[PDB]
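Colleague: how does the following fold in three dimensions:
(2 chains)
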Amino acid sequence: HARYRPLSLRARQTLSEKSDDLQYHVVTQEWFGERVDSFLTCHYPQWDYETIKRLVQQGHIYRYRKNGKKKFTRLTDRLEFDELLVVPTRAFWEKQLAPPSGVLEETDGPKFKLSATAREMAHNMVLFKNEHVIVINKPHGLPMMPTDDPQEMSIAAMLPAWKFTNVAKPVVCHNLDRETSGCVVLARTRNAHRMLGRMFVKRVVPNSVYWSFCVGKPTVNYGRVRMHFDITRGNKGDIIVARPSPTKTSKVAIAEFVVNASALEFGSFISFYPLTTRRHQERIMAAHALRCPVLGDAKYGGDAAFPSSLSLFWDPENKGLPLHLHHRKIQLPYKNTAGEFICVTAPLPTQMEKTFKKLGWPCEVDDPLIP
RNA sequence: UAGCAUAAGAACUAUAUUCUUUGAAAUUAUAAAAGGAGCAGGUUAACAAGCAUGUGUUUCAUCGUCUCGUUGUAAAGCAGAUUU
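Modeller: Residues are numbered from 1 along each chain as shown, chains lettered A, B, ... in the order given. Okay, here it is:
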C-alpha cells in the first residue's frame, strides 16, 4: 500500500518505539516455559507461521524483560516469568509510515478464466517441471506481463494454466522482452521463488545463454561487453542513454559474447552470456558495442537488421521478421540423478531454425560454456 | 556594629583557636586557500519519518509495455569491481 516511506534502521526503531499501537502480552505462570513461536501461534490463530517468523526475525515482534531494553528473540527461545511480549497491531501497520512484512496483510484479488485451447497451448509450451520449478519455452510474439492495452494475452494471464495439482499458481521468476523467445522460469512455491530469486540478480558467473543471429561480424570472436545505461522517461517511450563510464544514476550491463560461427562479414552467430540484467542489454550490446544488430531487431538496427544479404531466405521488405534472439540453456540449482545441475534448453524458433538450416549450421547442439 | 590598652618568679611542655582585610580582563593568538602519487577503509557501499515544485507520489528489484500493469519485498533489497 501507499504512504510507506523508505526508513533507515534508526528511523524504523524510532517509529516502532514512538508508536502507541502495541499489544503487550504478559507471560504468566501458564505460559512461562512455552516457546515464542508456540505462544504466538496460540495467541494469533489468524496469522500464518510465515508471518510469525518474519515478524519475529525482523524485530517487529519482541519482548520486554523489565530490563529497560527491548530484547529481540529467536523463534526457539523460551519465555520468562512476568515479562511482556510486544506485538504490533493492524493500526500499527496501517496508520503510520512503517511498511509491514509482505505477508501479514490480507490483500486479495479476483481470478480469470482460461480456454481449453489456451490451456493446451500452455501445456505444449511447458518444457521442464519438477516439484519446485517449471521452465517453459515462451514464444516470440507473446508478452510476459500485461501490456499497455489491457485486452492482450500474457504469460501472467496464462500462469494458472500450468498450476499442476497445486492450490496456488506458480510465479514468474524473471521476464523476457515481447520479441525474444526461449526459456522462462516459474517457481511453483513461494519459498522456491524466494530461493530462486537470487539467481536473476547481477552475478559474476553466467548461468544462461542467448543465441543470436547478428547482421555483420564483430572484429573479435570472443570478448566482454560493458555498458552503463541511464534509462529515463520520455514522451511515450523511454530513452536509454548508454555510456562507457559509470555514473551516479546509471546501471551497469555486462555480457560475454562468443562468436560461435560467422558466415562472413555479412552475418554471424553469437552467444551472449549476461552477468547483469537490464532492459534490452543483449540487443543494445549487439547493436552498438558489437556493431552487429540482431537479424530481427528494428528498434535499434532499424533498416539495418533486415539486410539484402539474406534476400534469398528472408524478404528484406518483410518488417515482421521475428527477432533472431533466443534464450537457451538456463542452469538451475537443482541437480539430477547424475549429480550435475539441470540445464534446461529450448528448441530454436521457426525463423532461427530456418536461418541455421539455410546456412548449413546445425541447430541442436549442446553449449559447453554453460555446465 | 558593642566588646580587645595595661599586668613579671618557677625554670625545655599538653587538639586548640576560620579576624589584619582581590567581587565584571566588554571574544578573533593560533599564517590563509584551492584540487598525479602515498597510506587506510570498504567492496555484504553510502543515503532513506523520502521525493518533486503547500502539492503530487510507496521503497528496492525481478531484462514487461506504449502512460498502463504482473510479481516479490519492506530487507534475505538497491552503486562500482569480482581479476591472479
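
Colleague: can you pull out the helices in chain A?
Modeller: A:9-18, A:36-43, A:49-58, A:90-94, A:116-125, A:155-158, A:190-196, A:281-284, A:350-359 (DSSP state H).

Colleague: wait, does the third one contact RNA strand B?
Modeller: Yes: contact between helix A:49-58 and RNA strand B is present through A:54, A:57-58 (criterion: CB under 7 Å from any atom of the strand). Backbone N, C-alpha and C define where each C-beta goes, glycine included.

Colleague: chain neighbours aside, what residue packs nearest to residue A:304?
Modeller: Spatial nearest neighbour of residue A:304, excluding adjacent residues (CB to CB, 6 or more residues apart in numbering): residue A:293 at 5.5 Å.

Colleague: burial measure for the one you found, as a count.
Modeller: 27 (other CB atoms under 10 Å).

Colleague: rewinding a little: Serialize the helices of chain A to CSV and add fields for mean neighbour count.
Modeller: Putting the helices of chain A into CSV (neighbours: other CB atoms under 10 Å) gives the following:
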stretch, mean neighbour count
helix A:9-18, 12
helix A:36-43, 16
helix A:49-58, 17
helix A:90-94, 15
helix A:116-125, 13
helix A:155-158, 18
helix A:190-196, 15
helix A:281-284, 24
helix A:350-359, 16
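
Colleague: closest to residue A:206 out of those helices?
Modeller: Of all these, it is helix A:281-284 that lies closest to residue A:206, at 12.2 Å by CB to CB.

Colleague: picking that back up, hmm, residue A:306 and the residue nearest to residue A:304 touching each other?
Modeller: No: Residue A:293 lies out of contact with residue A:306 (CB atoms under 8 Å); the separation is 9.5 Å.

Colleague: that older thread, so for residue A:341, which of the helices of chain A sits nearest?
Modeller: helix A:190-196 (13.0 Å).

Colleague: neighbouring contacts of the closest one?
Modeller: Contact with helix A:190-196 is made by A:50, A:132-133, A:168, A:171, A:173, A:185, A:187, A:332-333, as judged by CB atoms under 8 Å, 6 or more residues apart in numbering.

Colleague: what about that helix, near RNA strand B?
Modeller: Yes: legend: contact between helix A:190-196 and RNA strand B by CB under 7 Å from any atom of the strand is shown at A:190, A:193-195.

Colleague: cool, stretch A:226-242 as well?
Modeller: Yes: judged by CB under 7 Å from any atom of the strand, stretch A:226-242 and RNA strand B are in contact via A:226, A:228, A:233, A:236-238.

Colleague: please give the centre-to-centre distance between that stretch and its chain.
Modeller: With CA atoms, centre = their mean, to the nearest Å as the basis, stretch A:226-242 stands 20 Å off its chain's centre.

Colleague: CA atoms only: put that stretch into PDB for me.
Modeller: Output in PDB follows, covering the C-alpha atoms of stretch A:226-242 (Å, rounded to 0.1, in the frame of the first residue of the first chain):
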ATOM      1  CA  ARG A 226      30.200  -3.400 -20.600                       C
ATOM      2  CA  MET A 227      27.800  -0.500 -21.000                       C
ATOM      3  CA  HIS A 228      26.200   1.800 -18.400                       C
ATOM      4  CA  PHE A 229      22.500   2.600 -19.000                       C
ATOM      5  CA  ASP A 230      20.700   5.700 -17.800                       C
ATOM      6  CA  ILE A 231      17.100   4.800 -18.600                       C
ATOM      7  CA  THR A 232      14.900   7.800 -18.200                       C
ATOM      8  CA  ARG A 233      11.200   8.500 -19.000                       C
ATOM      9  CA  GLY A 234      10.300  10.200 -22.300                       C
ATOM     10  CA  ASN A 235       7.100  11.400 -24.000                       C
ATOM     11  CA  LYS A 236       5.600   8.000 -24.700                       C
ATOM     12  CA  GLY A 237       8.500   5.600 -24.700                       C
ATOM     13  CA  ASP A 238      11.700   5.600 -22.500                       C
ATOM     14  CA  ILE A 239      15.100   6.900 -23.500                       C
ATOM     15  CA  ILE A 240      18.100   4.700 -22.900                       C
ATOM     16  CA  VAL A 241      21.400   6.500 -22.800                       C
ATOM     17  CA  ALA A 242      24.400   4.200 -23.000                       C
END
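
Colleague: perfect, I'm done here.
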